[PDB]
Structures are given as C-alpha cells and as structure tokens.
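Trainee: Test case, fold it:
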Amino acid sequence: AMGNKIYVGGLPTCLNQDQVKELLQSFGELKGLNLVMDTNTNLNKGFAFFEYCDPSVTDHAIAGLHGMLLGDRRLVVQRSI
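Mentor: Residues are numbered from 1 along each chain as shown. Next comes the structure:
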C-alpha cells in the first residue's frame, strides 16, 4: 500500500511543471510529477498529478497546498482520482 498520489487542478499555462514541482516540493521531497500537457500547444491542461517521497507528506501537503500559489492563480490540491 504505497500509493499517495496527489492531484493539482490549478496549473497555469504561463509556467512549466518545473515551476509547479518546486512549489509542491515546498512541503516535501517530490518523487514524481506528471504534468498533463497538451502536446499540440505544448501547454498545460490546467492540472497535474504528483507524489512525495514520503507517503505521510501527502496528507500534510494537501492540507496547506490546497489553495496555495502566488497571484490569482491557485492550486486545487487533493487526493488524485
């Protein structure tokens, strides 16, 4: 039982996953980030899926990360579907 994948539905198309990953890593060590991108435009779909190195960070991360990002743009963070 090692599956604590997180969903962020607040990806700005103005930035790349490298930017968001760094924001996600603010809560803990990132183990993997899947930015769902539109291969036609090379832009983000507006959401991504990630997971920390530690499974316990997940619950702690969502708690603060849900609604955290500079400006009007924000991250909708929750357990991934």
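Trainee: and residue 49, that's in a strand?
Mentor: Yes - under DSSP: H, G, I helix; E, B strand; the rest coil, residue 49 falls within a strand.
Trainee: I'd assumed residue 34 was in contact with it.
Mentor: Yes - using Cβ atoms under 8 Å, residue 49 makes contact with residue 34 at a distance of 4.7 Å. The C-beta positions use only the backbone N, C-alpha and C, and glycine is treated the same way.
Trainee: Compare those two and say which is more crowded by neighbours.
Mentor: For the pair residue 49 and residue 34, the greater number of neighbours falls to residue 49 (16 against 13), based on other Cβ atoms under 10 Å.
Trainee: Kindly provide the distance from the more buried one to residue 20.
Mentor: 11 Å (Cβ to Cβ, to the nearest Å).
Trainee: Give me the common contacts of those two.
Mentor: Common neighbours of residue 49 and residue 20 (criterion: Cβ atoms under 8 Å, 6 or more residues apart in numbering): 8, 33.
Trainee: so who does residue 58 touch?
Mentor: 4, 5, 6, 51, 52, 79.
Trainee: In which helix or strand does residue 36 reside?
Mentor: Using DSSP states H and E, residue 36 sits in strand 30-38.
Trainee: What strands flank that strand, and is each parallel or antiparallel?
Mentor: Applying DSSP bridges, strand 30-38 is found paired with strand 43-52 (antiparallel).
Trainee: Tell me the buried residues in the following helix or strand past the partner strand?
Mentor: Per DSSP H and E, the first helix or strand lying C-terminal to strand 43-52 is helix 57-65. For helix 57-65, the neighbour count (16 or more other Cβ atoms under 10 Å) marks 57, 58, 61, 62, 65 as buried.
Trainee: Quick one: residues contacting the residue lying farthest from the centre of the chain.
Mentor: Note on the chain: the largest C-alpha distance from the chain mean falls to residue 40, namely 21.6 Å (Cα atoms, centre = their mean). Listed by Cβ under 8 Å, 6+ apart, residue 40 has no contact partners.
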